[PDB]
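Chemist: Can you read through this structure? Questions will come right after.
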Amino acid sequence: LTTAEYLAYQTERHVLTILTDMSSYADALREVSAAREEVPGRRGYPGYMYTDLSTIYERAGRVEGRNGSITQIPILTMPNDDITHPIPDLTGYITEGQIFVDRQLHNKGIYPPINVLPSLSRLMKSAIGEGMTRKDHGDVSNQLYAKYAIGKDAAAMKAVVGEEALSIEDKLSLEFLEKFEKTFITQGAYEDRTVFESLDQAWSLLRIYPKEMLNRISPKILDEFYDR
Amino acid sequence: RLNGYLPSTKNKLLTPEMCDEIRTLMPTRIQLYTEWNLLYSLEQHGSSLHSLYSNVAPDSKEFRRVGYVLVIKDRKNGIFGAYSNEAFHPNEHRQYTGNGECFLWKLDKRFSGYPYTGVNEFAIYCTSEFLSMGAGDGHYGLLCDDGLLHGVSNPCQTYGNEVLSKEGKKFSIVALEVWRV
Amino acid sequence: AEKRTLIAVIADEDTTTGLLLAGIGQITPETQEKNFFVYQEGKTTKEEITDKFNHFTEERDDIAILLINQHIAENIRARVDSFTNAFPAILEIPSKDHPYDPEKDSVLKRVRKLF
Amino acid sequence: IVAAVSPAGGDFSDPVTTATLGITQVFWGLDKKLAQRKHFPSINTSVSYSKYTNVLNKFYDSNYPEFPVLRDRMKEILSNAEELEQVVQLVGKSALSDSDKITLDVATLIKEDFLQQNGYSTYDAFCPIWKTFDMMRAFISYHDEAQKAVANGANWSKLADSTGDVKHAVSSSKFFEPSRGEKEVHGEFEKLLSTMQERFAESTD
Amino acid sequence: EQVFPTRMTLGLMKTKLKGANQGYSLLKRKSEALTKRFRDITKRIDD
């Protein structure tokens, strides 16, 4: 963090930092304060981890005068796949949004095995826009999220109420769910895509539905891009 | 000596001059009653082959003498298609379901055609993964993907047709319409 | 469950005659017994009607649809609504010159409620 | 080194297991349910994992290029079957498509034939790599053939009556004891696969 | 308000809760569909 901060705020370089683990950091931290005689806290962890974790994380963000910047992507590891554990709780408390990694998707060979339903990024609204990117990002994001959420439950109901009783919407969503999983998220280990290419592929997937039905998308964007 | 349509406020449809021109070549007793029906489209019915097959229900009881017309526009506005007398629907691999009277064509503002020949009866086929017209040595005369994105067209003995697509060997789809008569 | 192969009727004379000339009620050669009974309005006792119903339902399970006139079924209303098993079909029809009877149909009666 | 942690009551609450997982590369968890049912190999195929799959493809392609994709397909089949089972119990197997029943029965067959094996019978003591490869090919080819046949329109109930023979054949395939030819066995498996294709084709008529 | 197994059995009970929620929603929707189809049967049999 110190070297990254030096670079960013004394050479004006947009820098990105990664850590790749913090659970092992928590272990190393519990080890200390046992050399000292501080009694263990919750789950055996030291109570005061909040302060030092804040110190680690909160050396980020842009600055007023200098043109530099900084970004962090800490990687955690929940012990038994529970969010109730103190480490993920504190990390969510300090940080903005989270990115999940489902076990089931990984079992089905999906790479990167990411599930989007629990994912979230609170500063999206300041990220997308015009110039900074195309104008249709924020709408396609919501549309795809809603349709994926619908498709999951549609697949759930398929087994209990057959397939014919499902509405036309249900069948289209069922097909779209599988297509999305197998093509969009599934990315090769060495396949690099620009944002524009990803947007185009998302448009291709959206083209499954009839133009009218994509309610959440504004009419302007629908008219502009739905063609072809 | 006239034809009608039944679309619903979408960007692209078929032209009346085109249908008048195509009306020339098809079995008699079909050209007589002329009220075309838009059974399926790519714009206002999604872009799913399963949706296409579901929309085109083989409802022949009212009229088993009904012509089925498929019109497809290629990447560069090269319009073409084929005429079929039987509804499309996936079947067992036993046989091609098709009467030896279908034909292909390359339309434009320059009509052409390739009537069925008695050399064989190939690739009048219909399955959940593709829907192709006459074939033989070399790939099929016509082909549309499960996803309705790319297609293939080549000469075949079943029709002796030329290459229809502007991009001959393979191409991409931009708009599709289906008509029932 | 195709043991019930026949159709019984408890109806007036003309309706039964038309039914027979069309022919559904079969004089069972195996039992030498007819599952179709010609109802005599005022002569056949309610006990006989209940007996034939019991036969066709429990003993002679060879009957699928147990038909009966609405007016005639009214005389056995208690018997009509006492038996509520859907495996054997029971349909009520208007009698000779008797118009449609909504209250005389137990199934329709139950339909009107809980609607 | 091949350590062997011991369950401490709870499945994973103990900290020793957490620490070991933090470093150990390959993990072979334990399943209570299978043990309760005397399914002696009780490896839970939902939590266990191994990170050497990524690297082993270099050796695989030199001798058996098909392990990666086939293994992934089998794992997907098992995951789909278990997730379907999750819901089928709450309602019942009445409103199920042909493909659903196919997947369920294939998963059951694999779990009761592929996974299970007793380390006491001569034909089952040690399963060479090639034999496992061929027997895996048999199952996955059977499944994909059935899926293709039903997809084109057919009732799997009727088809199953004819298939019963080849189903029994593939279920009994494991009894081909190794150490006889080491290559003649491969020819036998190939003949079985060809006959399976033939039987489905003719019965598909 | 139950027999009390206190031996770190949290996961089991959470699984039971999730199963209960899933079954509840599924059966709710099944009942909705069946009632919807019941209405038309009533109308058509009446007519």
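Protein chains in written order, with the entry's author numbering: chain B, 260 to 487; chain P, 63 to 171, 201 to 272; chain N, 2 to 116; chain C, 412 to 616; chain M, 6 to 52.
Here a beta-carbon is modelled for each residue, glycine too, at the ideal position from N, C-alpha and C.
(1) Take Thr276/B and list the residues in its own chain whose beta-carbon comes closer than 6 Å to its own, dropping the five residues that flank it on each side.
(2) Within a Cβ cutoff of 8 Å, which residues of the same chain sit near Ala419/C, ignoring the five residues on either side of it in sequence?
(3) Taking 7 Å as the cut-off, is the beta-carbon of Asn36/N closer than that to any non-hydrogen atom of the ligand SAM?
(4) Does DSSP classify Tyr309/B as helix, strand or coil?
(5) Residues in the same chain with beta-carbon distance under 7 Å from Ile8/N, minus the five sequence neighbours each way, listed in chain order, please.
(6) Roughly how many whole angstroms lie between the Cα atoms of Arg91/P and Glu154/P?
(7) When you compare only the Cα positions, how much space is there between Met546/C and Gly575/C?
(8) Indicate whether the contact test is met: 3 or more Cβ pairs, each with one atom in the stretch 461 to 472 of chain C and one in the stretch 528 to 542 of chain C, closer than 8 Å.
(9) Since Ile77/N and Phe57/N are thought to touch, with beta carbons under 8 Å apart, how far apart are those beta carbons, to the nearest angstrom?
(10) Among all the DSSP beta bridges, which residues are the ones paired with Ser146/P?
(11) Does the distance from the CB of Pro103/N to the CB of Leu109/N come in under 8 Å?
(12) Could you tell me if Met13/M is buried or exposed, where buried requires 16 or more neighbouring beta carbons within 10 angstroms of its beta carbon?
(13) Should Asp509/C go down as buried or exposed, given a rule of 16 or more other Cβ atoms within 10 Å for buried?
(14) Which first and last residues belong to the beta strand (DSSP E) in which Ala12/N is found?
(15) Is any beta-carbon of chain B found at less than 8 Å from that of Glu487/C?
(16) So which residues on chain B does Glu105/P lean against when the C-beta distance must stay under 7 Å?
(17) On the DSSP letters alone, give me the boundaries of the alpha helix (DSSP H) that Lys168/P sits inside.
(18) Check whether the stretch 89 to 108 of chain P and the stretch 443 to 456 of chain B are in contact - that is, three or more C-beta pairs closer than 8 Å.
(19) Using 8 Å as the cut-off, can you tell me whether the stretch 260 to 267 of chain P makes contact with the stretch 128 to 145 of chain P, which would need three or more C-beta pairs spanning the two stretches below that distance?
(20) Does any CB atom of chain B fall closer than 8 Å to the CB of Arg34/M?
(21) What in chain P is Cβ-close to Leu431/B, meaning under 8 Å?
(22) With 7 Å as the C-beta to C-beta threshold (strictly closer), list the residues of the stretch 238 to 267 of chain P near chain B in chain order.
(23) Using only CA atoms, which one of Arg610/C, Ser573/C, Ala571/C and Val596/C lies nearest to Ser584/C?
(24) Can the beta-carbon of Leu166/P be found closer than 8 Å to that of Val269/P?
(25) Does DSSP put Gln248/P in a helix, in a strand, or in coil?
(26) In chain M, what lies closer than 9 Å to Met337/B by C-beta?
(27) Where does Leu68/N fall in DSSP's three states?
(28) Figure out for me which residue from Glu437/B, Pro305/B, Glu271/B and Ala267/B has the closest Cα to the Cα of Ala285/B.
(29) Closer than 8 Å, Cβ to Cβ, to anything on chain A: give me those residues from the stretch 554 to 567 of chain C, in chain order.
(30) Closer than 8 Å by beta-carbon distance: list the chain B residues that pair up with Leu31/M, in chain order.
(31) Could you pull out every residue in the same chain whose Cβ sits closer than 7 Å to the Cβ of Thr51/N, ignoring the five residues on either side in sequence?
(32) Check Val322/B in the structure and name its three-state DSSP category.
(33) Within the continuous alpha helix (DSSP H) that includes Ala492/C, where are the two ends?
(34) Please report whether the beta-carbon of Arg466/B lies at a distance below 8 Å from any beta-carbon of chain P.
(35) Would you please state the rounded distance, in angstroms, between the beta carbons of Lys367/B and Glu487/C? I believe it to be under 8 Å.
(36) Would you say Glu434/B faces chain P, with C-beta separation under 8 Å as the test?
Modeler: Short version:
(1) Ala263 and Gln331
(2) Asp425, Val427 and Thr428
(3) Here there are no bound small molecules, and the ligand SAM is not part of this structure.
(4) helix
(5) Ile25, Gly26, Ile64, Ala65, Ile66 and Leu68
(6) 31 Å
(7) 18 Å
(8) no
(9) With a Cβ gap of about 13 Å, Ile77/N and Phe57/N do not count as contacting.
(10) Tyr130/P
(11) yes
(12) exposed
(13) buried
(14) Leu7 to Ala12
(15) yes
(16) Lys470
(17) Segment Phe165 to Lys168 is the beta strand (DSSP E) holding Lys168/P; no alpha helix (DSSP H) there.
(18) no
(19) yes
(20) yes
(21) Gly108, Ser110 and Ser113
(22) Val265
(23) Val596/C
(24) no
(25) coil
(26) Within chain M, no residue comes near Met337/B; the closest Cβ sits about 14 Å away, beyond 9 Å.
(27) strand
(28) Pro305/B
(29) Although the question refers to chain A, the structure presented lacks it and instead comprises the protein chains B, P, N, C and M.
(30) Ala415, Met416 and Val419
(31) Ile77 and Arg80
(32) coil
(33) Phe478 to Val502
(34) yes
(35) 5 Å
(36) yes
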